[PDB]
Structure formats: C-alpha cells, structure tokens
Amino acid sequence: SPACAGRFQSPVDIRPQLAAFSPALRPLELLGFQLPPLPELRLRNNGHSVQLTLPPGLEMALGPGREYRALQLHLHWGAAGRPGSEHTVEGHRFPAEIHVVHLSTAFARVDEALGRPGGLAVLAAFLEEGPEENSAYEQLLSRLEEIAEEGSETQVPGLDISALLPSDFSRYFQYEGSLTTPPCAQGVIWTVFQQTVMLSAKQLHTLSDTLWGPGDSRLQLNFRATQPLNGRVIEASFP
C-alpha cells in the first residue's frame, strides 16, 4: 500500500517539550460507552492483534462539532520483559497500548473516510503495571485462551468500554497521522492520553503470552516502528 510510504505516518515519538500548548483542546466527551451485558460483542484474534468490535451508539466528541462513532478497539503489546506500545514518550516504550478507532459522523463507511481530513479518530492510552487486577481488562483478558488460535473469535458480554481508558479525559496530546496497518491512510486524528491505565503483572503476561499469530509463532511485539514527525507539531491540552 503506497500510503504506508506517506510523509505523515503514525506512530510517533512524543517529546512533550516540543509539544504545543493549545487551550482550544477541551476534555474529550464519550456517550453510550456504558453497555448492557446483552447483546454480546465479538472478540477476535485476527493474527495481528486482539480486537473487540463495538456496537452502534458509542458517540465520542473531540470538541463542539467534532463528532465520531466508535467502531472497534484493539491492543498492542510486547513480550516477557519487552515493552510493546506503539507511541513512545521521550524514547520510552510502555508495556502495551489500547487504540479505540472511530468514524466521523459525516461518513457512513470507513472506505469513504480513509485519507479524508479528520475522517477517522483514534483514542490511545498506554497500559502499565499496577498492583491490582484491572477488572474491566479482566473481562477481555480472561477470554484470550479461547481465542489463542490465529483467526479465532468468541463472544463477550458488554461492559463499560470507558473503563478500559484512563479516567482523566482532560490531559492529552493530539496530532494528525495515519493508520499503522496497511493501508496506512493519512488524515487520522490521534489522541494520546497523558494518564496511563494500570494492569497487574499477571494481566500483562496473559496479554503477551496467550495468543498465536501466522504459522506457529506467538503473537507478540505487534507494534510499528516510530515514524518521524517530519515537521508536524504535536499539540497538548495542558502547558
């Protein structure tokens, strides 16, 4: 895919000292993320990541008049004693990263949004080790064994999707970039939370050690190398 050779790709190394403070960046707003248990959602090992397909009615705004609907979420992760976030901060790679991918309400389908400015928006948070079992994450992680095989899927009860994200929606970096998988189309608005989410050591081990990918290989280290900013300026919602 030729867009994988674009000048403005993701992910990137975030250098907060070079980030631009912009007070137009208000707290993110999420609506409908607190799901009932039924209907169930589909959790799939696609051989490259674990992805959770989201139902209609999850609305996200980056600001007034900047409205999106959530499509899916997926994870990026490393391996035993090796971090696997996609984004880095000052060259630091975090253990894992969650991405929640959204479609602008001006478009009915992803294929019309691809490459259009602000057509797609991704919410990204780093996952780090904390002392406690994260109960929202446990609902997904406890099902990975069921989908160990490449191309397998299982149904899971609806949960509070917003509980997979940090509680602080006010402090984030934002920049324009790309999908990180072919076709790497540009125009994607990336939002990366400052606050991280905490999983237990056991949870992080389940995530990195359970799933299999193409041809008898463990699905691990499933992150793209850092791409140059190439003159883009990362914005921050805080000085």
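The first residue of the sequence shown is number 1, and the count goes up from there.
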With B-factors read from the PDB entry, the higher C-alpha mean of 119-127 and 83-91 is in 83-91
Between 69-77 and 142-150, the record assigns the higher mean Cα B factor to 142-150
Among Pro36, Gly32, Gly177, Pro183 - the residue whose C-alpha B-factor is largest in the record: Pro183
Relative to the other modelled residues in the chain, which third contains the C-alpha temperature factor of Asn230: lowest, middle or highest? middle
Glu132: CA B-factor among chain residues, third -> middle
Ranked C-alpha temperature factor of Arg44 among modelled chain residues, by third: middle
If you rank the chain by CA B-factor, which third does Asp168 end up in: lowest, middle or highest? middle
Ranked C-alpha temperature factor of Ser208 among modelled chain residues, by third: highest
